[PDB]
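Student: Sharing a structure below in structure tokens format, with a few things to ask.
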Protein chains: 2
Amino acid sequence: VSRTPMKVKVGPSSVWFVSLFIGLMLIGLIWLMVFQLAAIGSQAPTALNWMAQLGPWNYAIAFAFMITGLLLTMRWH
Amino acid sequence: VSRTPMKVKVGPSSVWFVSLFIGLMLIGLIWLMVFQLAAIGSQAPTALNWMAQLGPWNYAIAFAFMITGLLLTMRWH
């Protein structure tokens, strides 16, 4: 469909692309955290550690907002 | 552009919607990388600790591939 001046289809159109993009991101968040929370890592002058019992809170909320805010932008469009 | 059943127009479209998505994702990743790379943070049973001097890599590289991955899906669709 179109909200203006932008029209987006993979079709039946706007809902279906956006819904797929929303899922693919949410899945990427969960995986990236899961491996990260196992992970402790250093390469060159950069070093990164994540450790958990369970609750992947900081990155997942921030990225989920960022994608959802893009979704609100894509649908305003 | 259209590849199909998909057609995506913001108008003028093609390179422009896609360029804009690469740009905002890149900026988002840099913001997370600087603030976090100073950070050490614990909330609930989940704790994430990040240290920098030069470089941004693991987080950076996976995020950049995700930008690419959407780009390829769009090019294809």
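Note on naming: chains are A, B, ... as they come in the structure tokens, residues start from 1 per chain, ligands start from 1 in the order shown.
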So which residues touch range 27-36 of chain A within 9 Å, counting only C-alpha atoms, skipping near sequence neighbours fewer than 3 positions away, as an mmCIF file with N, CA and C atoms, in the first residue's frame?

Tutor:
```cif
data_model
loop_
_atom_site.group_PDB
_atom_site.id
_atom_site.type_symbol
_atom_site.label_atom_id
_atom_site.label_comp_id
_atom_site.auth_asym_id
_atom_site.auth_seq_id
_atom_site.Cartn_x
_atom_site.Cartn_y
_atom_site.Cartn_z
ATOM 1 N N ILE A 22 10.288 -7.564 10.897
ATOM 2 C CA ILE A 22 10.180 -7.558 12.335
ATOM 3 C C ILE A 22 10.630 -8.853 12.984
ATOM 4 N N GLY A 23 10.174 -9.994 12.427
ATOM 5 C CA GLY A 23 10.616 -11.328 12.848
ATOM 6 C C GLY A 23 12.030 -11.673 12.652
ATOM 7 N N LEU A 24 12.566 -11.339 11.476
ATOM 8 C CA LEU A 24 13.987 -11.542 11.221
ATOM 9 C C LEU A 24 14.894 -10.816 12.092
ATOM 10 N N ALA A 39 29.819 -16.059 25.289
ATOM 11 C CA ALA A 39 31.041 -15.423 24.942
ATOM 12 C C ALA A 39 31.839 -14.533 25.901
ATOM 13 N N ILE A 40 33.193 -14.760 25.913
ATOM 14 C CA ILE A 40 34.194 -13.725 26.339
ATOM 15 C C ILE A 40 35.400 -13.635 25.368
ATOM 16 N N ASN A 49 32.838 -8.893 26.721
ATOM 17 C CA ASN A 49 32.500 -10.016 27.662
ATOM 18 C C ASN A 49 31.011 -9.917 27.935
ATOM 19 N N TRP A 50 30.295 -11.080 27.814
ATOM 20 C CA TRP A 50 29.000 -11.056 28.336
ATOM 21 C C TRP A 50 28.692 -12.312 29.090
ATOM 22 N N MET A 51 28.042 -12.248 30.271
ATOM 23 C CA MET A 51 27.846 -13.434 31.068
ATOM 24 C C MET A 51 26.417 -13.334 31.750
ATOM 25 N N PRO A 56 18.194 -11.257 28.360
ATOM 26 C CA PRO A 56 19.168 -10.667 27.489
ATOM 27 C C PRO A 56 18.918 -9.201 27.364
ATOM 28 N N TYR A 59 20.773 -4.721 24.905
ATOM 29 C CA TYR A 59 20.841 -4.813 23.406
ATOM 30 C C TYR A 59 19.602 -5.177 22.707
ATOM 31 N N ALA A 60 18.904 -6.145 23.354
ATOM 32 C CA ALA A 60 17.632 -6.526 22.735
ATOM 33 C C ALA A 60 16.508 -5.499 22.784
ATOM 34 N N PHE A 63 17.674 -2.411 20.150
ATOM 35 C CA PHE A 63 17.465 -2.828 18.782
ATOM 36 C C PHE A 63 16.004 -3.094 18.299
ATOM 37 N N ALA A 64 15.207 -3.720 19.201
ATOM 38 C CA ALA A 64 13.808 -3.882 19.057
ATOM 39 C C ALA A 64 13.119 -2.540 18.988
ATOM 40 N N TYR B 59 30.632 -7.083 17.130
ATOM 41 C CA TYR B 59 29.397 -6.386 17.118
ATOM 42 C C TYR B 59 29.205 -5.638 15.786
ATOM 43 N N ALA B 62 28.983 -8.334 12.541
ATOM 44 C CA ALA B 62 27.713 -9.023 12.448
ATOM 45 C C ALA B 62 26.590 -8.072 12.060
ATOM 46 N N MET B 66 24.137 -8.013 8.720
ATOM 47 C CA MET B 66 22.673 -7.824 8.786
ATOM 48 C C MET B 66 22.100 -6.775 7.938
#
```

Student: Could you please write out, as a PyMOL selection string, every residue of range 10-56 of chain B that DSSP assigns to strand (DSSP E or B)?

Tutor: chain B and resi 10+40-43+46-52

Student: Take the residues that were just selected and, keeping C-alpha atoms, output them as an mmCIF file, in the first residue's frame.

Tutor:
```cif
data_model
loop_
_atom_site.group_PDB
_atom_site.id
_atom_site.type_symbol
_atom_site.label_atom_id
_atom_site.label_comp_id
_atom_site.auth_asym_id
_atom_site.auth_seq_id
_atom_site.Cartn_x
_atom_site.Cartn_y
_atom_site.Cartn_z
ATOM 1 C CA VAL B 10 9.508 5.919 -2.062
ATOM 2 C CA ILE B 40 30.455 -1.938 32.161
ATOM 3 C CA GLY B 41 26.863 -2.815 33.129
ATOM 4 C CA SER B 42 24.987 -5.361 35.219
ATOM 5 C CA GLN B 43 21.180 -5.663 35.459
ATOM 6 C CA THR B 46 22.670 -10.440 33.190
ATOM 7 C CA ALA B 47 25.968 -8.557 32.941
ATOM 8 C CA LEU B 48 27.883 -7.060 29.905
ATOM 9 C CA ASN B 49 31.258 -5.442 30.011
ATOM 10 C CA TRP B 50 32.970 -3.738 27.037
ATOM 11 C CA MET B 51 36.432 -2.102 26.626
ATOM 12 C CA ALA B 52 37.984 -0.087 23.807
#
```

Student: Report, to one decimal in Å, the C-alpha RMSD of chain B against chain A after an in-order least-squares superposition over all those atoms.

Tutor: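 C-alpha RMSD after least-squares superposition: 0.7 Å.
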
Student: Mind checking which residues fall within 10 Å of residue 74 in chain B, counting only C-alpha atoms, ignoring those fewer than 3 positions away in the same chain, and posting them as a PyMOL selection string?

Tutor: (chain A and resi 10) or (chain B and resi 1-3+6-8+14+18+68-71+77)

Student: Taking the DSSP secondary structure from the backbone, can you list the residues of range 1-67 of chain B that are helix (DSSP H, G or I), as a count of residues only?

Tutor: 36

Student: As an exercise, work out the distance from CA of residue 5 in chain A to CA of residue 9 in chain B in Å and give it to one decimal place.

Tutor: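 Result for CA of residue 5 in chain A versus CA of residue 9 in chain B: 8.3 Å, one decimal.
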
Student: Using only C-alpha atoms, which of the listed residues (B:16, B:4, B:72, B:65) sits closest to chain A?

Tutor: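 Closest to chain A of all the choices is B:4.
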
Student: For a quick check of understanding, using only C-alpha atoms, which of B:61, B:54, B:67, B:44 has the smallest distance to residue 25 in chain A?

Tutor: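 Residue with the minimum atom-to-atom distance to residue 25 in chain A: B:67.
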